[PDB]
Amino acid sequence: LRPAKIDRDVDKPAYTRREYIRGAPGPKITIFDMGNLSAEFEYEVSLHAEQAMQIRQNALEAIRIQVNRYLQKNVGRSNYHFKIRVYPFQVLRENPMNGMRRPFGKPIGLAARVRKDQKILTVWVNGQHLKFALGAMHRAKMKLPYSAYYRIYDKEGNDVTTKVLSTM
Amino acid sequence: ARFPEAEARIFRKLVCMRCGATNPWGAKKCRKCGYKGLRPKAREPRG
Amino acid sequence: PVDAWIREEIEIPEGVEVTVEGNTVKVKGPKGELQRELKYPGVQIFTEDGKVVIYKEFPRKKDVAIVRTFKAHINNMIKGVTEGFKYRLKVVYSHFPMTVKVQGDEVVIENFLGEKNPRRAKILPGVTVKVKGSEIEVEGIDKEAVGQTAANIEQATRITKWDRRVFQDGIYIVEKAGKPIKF
Amino acid sequence: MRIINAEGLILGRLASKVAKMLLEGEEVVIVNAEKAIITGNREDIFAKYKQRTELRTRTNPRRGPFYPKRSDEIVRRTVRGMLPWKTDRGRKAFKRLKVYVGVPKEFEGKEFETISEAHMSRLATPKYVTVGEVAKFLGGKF
Amino acid sequence: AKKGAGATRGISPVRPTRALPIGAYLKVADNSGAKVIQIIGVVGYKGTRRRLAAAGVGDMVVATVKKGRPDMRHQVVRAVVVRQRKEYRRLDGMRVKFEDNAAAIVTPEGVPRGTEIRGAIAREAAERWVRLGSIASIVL
Amino acid sequence: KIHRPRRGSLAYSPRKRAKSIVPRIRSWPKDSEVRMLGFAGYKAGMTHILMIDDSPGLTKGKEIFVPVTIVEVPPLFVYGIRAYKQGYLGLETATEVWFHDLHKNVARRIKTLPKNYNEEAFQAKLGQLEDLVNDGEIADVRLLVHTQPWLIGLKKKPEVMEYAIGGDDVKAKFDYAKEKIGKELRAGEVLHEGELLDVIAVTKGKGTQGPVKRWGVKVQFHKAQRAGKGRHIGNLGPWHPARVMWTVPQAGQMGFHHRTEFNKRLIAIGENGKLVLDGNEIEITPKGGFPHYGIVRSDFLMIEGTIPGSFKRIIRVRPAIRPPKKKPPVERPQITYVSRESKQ
RNA sequence: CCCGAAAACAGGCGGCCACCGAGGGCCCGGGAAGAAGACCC
RNA sequence: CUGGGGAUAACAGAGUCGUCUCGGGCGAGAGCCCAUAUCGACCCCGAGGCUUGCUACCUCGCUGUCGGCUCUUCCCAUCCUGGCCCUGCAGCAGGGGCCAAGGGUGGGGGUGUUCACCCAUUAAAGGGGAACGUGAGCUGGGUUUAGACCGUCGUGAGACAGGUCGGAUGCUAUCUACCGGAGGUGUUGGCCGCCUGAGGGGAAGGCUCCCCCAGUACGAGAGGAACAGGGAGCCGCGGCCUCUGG
RNA sequence: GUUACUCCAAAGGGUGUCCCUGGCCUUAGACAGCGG
Ligand SMILES: [Zn+2]
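Residues numbered from 1 in each chain as written, not as in the entry; some residues may be left out. Chains lettered and ligands numbered in written order. Part of a larger assembly, values for the part shown. Heavy atoms only, no water.

As deposited, the entry is annotated with cryo-EM as its determination method and 2.95 Å as its resolution.

Taking the PDB entry as the reference, chain E is identified by name as 50S ribosomal protein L14 belonging to Thermococcus kodakarensis. The record in UniProt for chain E states the following under Function: "Binds to 23S rRNA. Forms part of two intersubunit bridges in the 70S ribosome." Quoted verbatim from the Sequence similarities field of the UniProt record, the comment on chain E reads "Belongs to the universal ribosomal protein uL14 family." (UniProt positions renumbered as here; feature names shortened; annotations may be inferred.)

Chain C appears in the PDB entry as 50S ribosomal protein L6 from Thermococcus kodakarensis. Reading the Subunit entry of the UniProt record for chain C gives the comment "Part of the 50S ribosomal subunit."

Structure, rendered in structure tokens:
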């Protein structure tokens, strides 16, 4: 389908009301949580965006599948909790040509809008699978339209990424 | 047809899997492309 | 600026005579002379008390490297005039025995893989080649001369057209100045 | 006329000073032009001067940029570039210049000059090339 | 040597002139089913814009069979030229020419078909292909 | 698209009439034999012989057919010695010495000859030249030569030229020159039988010609022939660049060009118009003479093949500057027949 | 190999005149050259 | 038919690049096992302006055009020719990649064709730009007038980005540009002759086959090389008329 | 590079060099060589 540079940017009003949008599509990604959901893990590992992005559900489902397969074969289900935090509400538009007579896009897809320093995904994991958590994060970071950065939060919600990296 | 004398000087080489270039034996990255993936020159038929 | 005033000394042995003259080091010993030219801005070379001193008064990384490099070169020259350098090569053949000969300033290898045309490898001034059976010696007094001679003889016999897992014949280096070669 | 010995000197700075002289009304002779230096890297410099030699007018080469291959002409051409060439003033200033490879007998036995502002002494880098090297690369005599 | 005891080729010193271009009809002099042939190409020839390929005595050509017996027509064959009407110089300077344009049908590797050439043939053909002189009872 | 090579060579441009009728030799070969590196003559005609092949390649040892050009060469007169020194860019003349008693017909070319100039002054000037050559300021020595057409009856106005000498040294050259000045040179003293030569001359005039004949342009289709554009080319070029290029074939002068030709074998040098085969003495001039050239009287060369120019034109030969590695031997090949029949 | 002293540092050598006359052109008989001019004997 | 319009399309230009051609990152998985010999999904990031579209900034009497023939030149993202590296490279070969733009890249069948398809050869029979190079250079098959026929649509006059037959081709070169030929002035006195050679041009040469090496190395056998050495021809270039033809 | 703007390339990478920060080691540390 059509490139993602056409839908990256945020300079455009929100278009999230299905009781007025005729023909609005339906989601592809329908699973946002994985692994052991009831859990008390130690280390939290989340992607933050470096600038405002607009991420398609194609990309989200790609990320989901890849990361979950990787962690299922390298960690196991009872030892990781994987979550996607953002739902696609933004409807994307395309002009059906007539030319530029009556230009107003008919809907094709969905996207999630994300602002600077916002979380996208999260892997909760013990202390002896951090290597795998960070490999997962690399794989995910590789599939986004703009850049991203990760941290490592403790319970009590504190940043320990440095103290943890320096020792592993 | 064995000649260790010859193997030691034909087959102490690395190959980058990206550009194909040849690097010395103890390299850690390629000297052209910066790739970190280096394999050794096949000394026995693989396949 | 890693440091302030890097300097390194070289102890001079009994029979050797080192002397600098306009960015040109000259070394005399029990056999032969060896001169060379070591130039870099801010690097000095002199003799204080029986030593050779190399000095630089506020180095970056690429000055440190150059200074230790010059050190190695002058050590090489000293040990060369004092003992000399010796190299060994080996000859291997499956079919088509070849014959290696010296004549003047060349090394002629004939019947290599059945060729009707010989192969010529150059000798350099100050180096002596010596064939003894299937083993070859290259002796000399300048490290670089002896290495280049050995390497010319080895490169004389190179293949680019067929599999070298099956076609392995040639002449090979097996000791580069006392150190072996293993794989 | 003033006589200037290009030996250890930098080409562009030499030329700048000489061109101001010429315009202020003197006569200049340059000797040992093969011994001035050019700073940079060898590949870069050679590429530049080759790309210049192989410029020419596609319809008629009896026109055309006639960029030279000799050392004295390289020097003369730099100086020219530093003057108003499309003007009587500049043409006269340029006619007041003469450049030689070596030191002819005519000038032998005379005291030369050196421009302070141009000299290899200023440098901090061992990267320099000589105009004679450039000429040999391009295929010029001396 | 490698294999010379029984071979098919040889060297002539003359190199005759090229007089028979593409589209030319040659008679067949051998006792194969073919009677007439048309030249459609010349083996071992490279040319330029708008030029046709042309052959002379001793040259092999790719041909079509126009007239002949049913199992030979509309077939592509290879043939060696043995005669031509246009002249060509011999070493001593004298020049030579024949009465018509004839060919013998052969195999793509020199071995001939047939068993007898009715008529004379040129010496250069027989010098270049050593199995033809073994068939013809007149060589000049 | 379709590709073909361009029509004509850009290596013989500008294709213009020659600056002179007497040719010009720009470069000279590296010879060790101290001798004059060339000779000159007038061209007479063509004929053919039969010889046993001496040259490498099949056809060796057989009787073949060889066409031949006869070049008439009376002796030369040596009248000058000329020294060269090195200047800022290249060589430059330094001194000349001429001989005193020169023919009455040399003033047909050089009107202004000297007046007193006796042997006293000639020998003094020679001595000065020698005392200069023994110093060191000298780079090479050459000879000044003129032809003598009055011997064969062709003309009177002569040709004047400058030839070089073989060797790495200059004092050997000066000894040779000082010995040769004031006298005549014959071709046998200089050229050997069997040498390869380069021939140098000026070609025949054809006039103003069109591009079909002058560059090889293809004649156009028969509709254009009926339109008035058959022997014309189609395009002077494209829209951009918006000028005509110098590579586009046009009409102009065809012929009378200064040309050179490499590696022509000298077969025979004769004496007084006769060729002495192994067996018997024979003449070369055919029955009825040569067309447009009369009878041969003085001396002559056989040259294998063709050379540039019309019959009575001045030719200049030199030893080959660009020879191969597989040379034929230096000796008169076995000749079995020479044609004396009428060539008209 | 071909062109090339208009290469503006617009060259070098030898010789002849000038400080009446060195040389050159027209003209005449022709072509080995040629659209006029030029070129050659 | 008139009056007018680049206030407004088809045609080439400019702008843009969704589409287009040429690429890249990551590593799922496939490859006897082995993520990277080869392939590389899903997702993400780009170059060029040689397809097509969008817009409507220039031009409505400048010229309106497709293909072909002739002629010159350029880019490299390389088809052969030179040189190299990896291989799931024994040899013969194949696959994939690096440097390299000096030379070459042809002939024919049906069709108006460009492309595409087919034949026989060949070392190989690369792709693009130049106002979709080139009508003050030709042609004139197609397309867009006026004549007529068929099929559909229409009450009809009539239409069809549906088919078919037929259907005008102007110039004495003002300025520049190029090919060739002459006459002047200058070069600080005039004239003969002979030389240097700054610079500029060059493909002046490019390719293939045969013998031998050798039925050798390699290979279980089938099959089957290379360096050196000898010879011949094709394409291109420059000349000559003794021989042969006109 | 020698570009205020008019007219100028990315994701992805780098013991290229110059700097900040924080852990672990250290009078025998981190490579070597001699042996278990
Ligand atoms: Zn690589």
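The discussion continues.
Chemist: Mind laying out the overall build of chain C, listing which residues take part and the relevant values?
Modeler: Across its full length, chain C holds two helices and 14 strands. Over its C-alpha atoms chain C spans a radius of gyration of 21 Å, topping by over 25% the 16 Å that the globule rule assigns to 183 residues. Counting only C-alpha atoms and orienting by the principal axes, one finds that chain C spans roughly 60 × 35 × 25 Å. Burial analysis of chain C (183 residues in total) assigns 34% to the buried set. Taking all contacts inside chain C whose residues are at least 6 apart in sequence as the whole, residues at least 24 apart take part in 57%. Accessible surface, chain C: about 11300 Å² in total, of which carbon and sulfur atoms supply 49%. (Helix = DSSP H or I, 4+ residues; strand = E, 2+ residues; numbered from the N terminus. Rg over C-alpha atoms; globule rule 2.2 N^0.38 Å. Buried < 20%, exposed > 50% of the residue type's maximum accessible area, 1.4 Å probe, protein only. Contact = heavy atoms within 4.5 Å. Areas by Shrake-Rupley, 256 points an atom, 1.4 Å probe, with all protein chains shown as cover.)

Chemist: Can you tell me about the sheet that holds strand β6 (residues 51-55) of chain C, naming the residues and giving the values?
Modeler: Residue and element names in this part refer to chain C. Spatial strand order, β1-β6-β5: three strands in an open sheet with antiparallel pairing. Here the strands that pair on one side only, and so sit at the sheet edges, are β1 (7-11) and β5 (44-46). Here the average twist between neighbouring strands, direction ignored, is 15 degrees. As paired strands, β1 and β6 are joined by five bridges and run antiparallel to one another. By the bridge assignment, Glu 11 is partnered in β6 with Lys 51. Sitting on the sheet, helix α1 (residues 61-82) touches β1 and β6, and the angle it makes with β1 is about 5 degrees. (Pairing = 2+ DSSP bridges. Axes fitted to C-alpha atoms, helices over the stretch in contact; angles between N-to-C directions.)

Chemist: Tell me about the interface of chain F and chain D, and please be specific about residues and values.
Modeler: The interface of chain F with chain D comprises seven residues on the first partner and twelve residues on the second. Of all residues in chain F, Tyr88(F), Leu89(F) and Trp246(F) bury the most surface against chain D, accounting for 68% of the area lost on that side. The tally of links from chain F across to chain D stands at zero salt bridges. Remark: the boundary between chain F and chain D carries four residue pairs in polar contact. (Buried area = accessible area lost by both parts, 1.4 Å probe. Salt bridge = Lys/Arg side-chain N within 4 Å of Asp/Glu carboxyl O. Polar contact = N/O pair within 3.5 Å; in protein donor to acceptor, adjacent residues only side chain to side chain.)

Chemist: Talk me through the protein's contact with RNA strand G; I want residue IDs and the actual numbers.
Modeler: All names here are of chain F. Around RNA strand G, the surrounding shell holds 38 residues, and the nearest of these are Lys 16, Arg 26, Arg 82, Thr 208 and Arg 318. Counting only the atoms of RNA strand G within 4 Å of the protein, the fraction contributed by sugar and phosphate is 71%. Measuring from a phosphate oxygen of RNA strand G, one finds a side-chain N or O atom of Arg 313 at 3.0 Å. At 2.7 Å, a side-chain N or O of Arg 318 approaches a phosphate oxygen of RNA strand G. Contributing elements (two or more residues each) for the surface near RNA strand G: β4 (91-98), β9 (205-209) and β11 (258-271). (Near = heavy atom within 4 Å.)

Chemist: How would you explain the interface of chain B and chain C if you had to name every residue and give the values?
Modeler: In this complex, chain B contributes 16 residues to the contact, which on the side of chain C involves 16 residues. A per-residue breakdown of the area chain B buries against chain C is headed by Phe3(B), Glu5(B) and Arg9(B), which together make up 39% of the total. The interface formed by chain B and chain C contains one salt bridge. A salt bridge links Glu154(C) to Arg9(B), with the shortest nitrogen-to-oxygen separation between them at 2.6 Å.

Chemist: Go over the protein's contact with RNA strand H, please, and point to the residues and values.
Modeler: In the vicinity of RNA strand H, 135 residues are found, and the nearest of them are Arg39(B), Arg49(E), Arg7(F), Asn235(F) and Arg322(F). Sugar plus phosphate, as a fraction of atoms of RNA strand H within 4 Å of the protein: 76%. Here a phosphate oxygen of RNA strand H and a backbone polar atom of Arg50(E) are 3.2 Å apart. Between RNA strand H and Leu91(F) there is a distance of 2.6 Å, counted from a phosphate oxygen to a backbone nitrogen or oxygen. The set of elements that each furnish at least two residues to the surface near RNA strand H consists of α1 (57-74) and α2 (130-141) of chain A together with β1 (39-52), β2 (63-72), β3 (76-86), β6 (160-164), α4 (222-225) and β11 of chain F. Counting residues per element, the surface near RNA strand H draws most heavily on α1(A), at five residues.

Chemist: Give me the lowdown on the pairing of strand β2 (residues 43-49) of chain A, citing residues and values where you can.
Modeler: Residue and element names in this part refer to chain A. Counting buried positions along β2 yields seven of seven residues, so the element is predominantly enclosed. A two-sided burial pattern is seen for β2, the buried positions comprising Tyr 43, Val 45, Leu 47 and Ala 49 on one face and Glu 44, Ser 46 and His 48 on the other. Bridge count between β2 and strand β7 (residues 119-125): five bridges; the pairing is antiparallel. Residue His 48 lies in a different strand from β7, and its bridge partner there is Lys 119. Of the strand pairs in this sheet, β2 and strand β8 (residues 148-154) are connected by seven bridges, and their pairing is antiparallel. Of the residues in β8, the one forming a bridge with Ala 49 is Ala 148.

Chemist: Go over a positive patch on the surface with me, naming the residues and quoting the values.
Modeler: Together, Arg49(E), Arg50(E), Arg51(E), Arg4(F) and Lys218(F) give the surface a local cluster of positive charge. Of note, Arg50(E) is situated in the loop between β3 (34-42) and β4 (54-55). (Patch = residues over 30% accessible without salt bridge, like charges linked within 9 Å, V, L, I, M, F, W, Y side chains within 5 Å. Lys, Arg positive; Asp, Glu negative; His and termini not counted. Charge placed at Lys NZ, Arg CZ, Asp CG, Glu CD.)

Chemist: Give me the lowdown on the coordination of the zinc ion, citing residues and values where you can.
Modeler: Residues and elements named next belong to chain B. At this site the zinc ion is bound by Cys 16 (SG), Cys 19 (SG) and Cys 33 (SG), with donor distances of 2.2 to 2.3 Å. Coordination of the zinc ion draws on donor residues from a single chain, spaced C-x2-C-x13-C in sequence. By relative accessible area, which is 3% here, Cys 16 ends up buried. (Donors = N, O, S within 2.8 Å, 3.2 Å for Na, K, Ca; no water.)

Chemist: Could you give an account of the arrangement of the chains, naming the residues involved and the relevant values?
Modeler: Looking across the four pairs of chains in contact, one finds the most contacts between chains B and C. With no contact formed, the shortest span from any C-alpha in chain C to any C-alpha in chain E equals 16 Å.

Chemist: Can you lay out the pattern of salt bridges for me, pointing to particular residues and giving the numbers?
Modeler: Throughout the structure, instances matching the rule amount to 46 salt bridges over all chains. One salt bridge in this structure joins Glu87(E) and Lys86(E), with 3.9 Å as the shortest N-O distance. Given the relative accessible area of 46%, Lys86(E) is considered partly exposed. Among the salt bridges present, the one from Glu130(F) reaches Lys178(F), with a minimum N-O distance of 3.1 Å. Placement of the pair is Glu130(F) in helix α1 (residues 119-133) and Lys178(F) in helix α2 (residues 171-180), with a sequence separation of 48 residues. A residue is classified by how much of its surface remains accessible, and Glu130(F), at 25% relative accessible area, is partly exposed. Each of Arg82(F), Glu96(F), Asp140(F), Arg142(F) and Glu162(F) takes part in salt bridges that share partners, so that together they form one network.

Chemist: I'd like a rundown of the side chain of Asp140(F), residues and numbers included.
Modeler: Structurally, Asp140(F) can be placed in strand β5 (residues 140-146). Beyond its immediate stretch of four places on either side in the chain, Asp140(F) contacts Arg82(F), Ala83(F), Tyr84(F) and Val170(F).

Chemist: Tell me about a nonpolar patch on the surface, and name the residues and values.
Modeler: On the surface, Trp162(C), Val166(C) and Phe167(C) cluster together into a nonpolar patch covering about 320 Å² of accessible area. Tracing the chain through its elements places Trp162(C) in the loop between α2 (143-155) and β13 (170-176).

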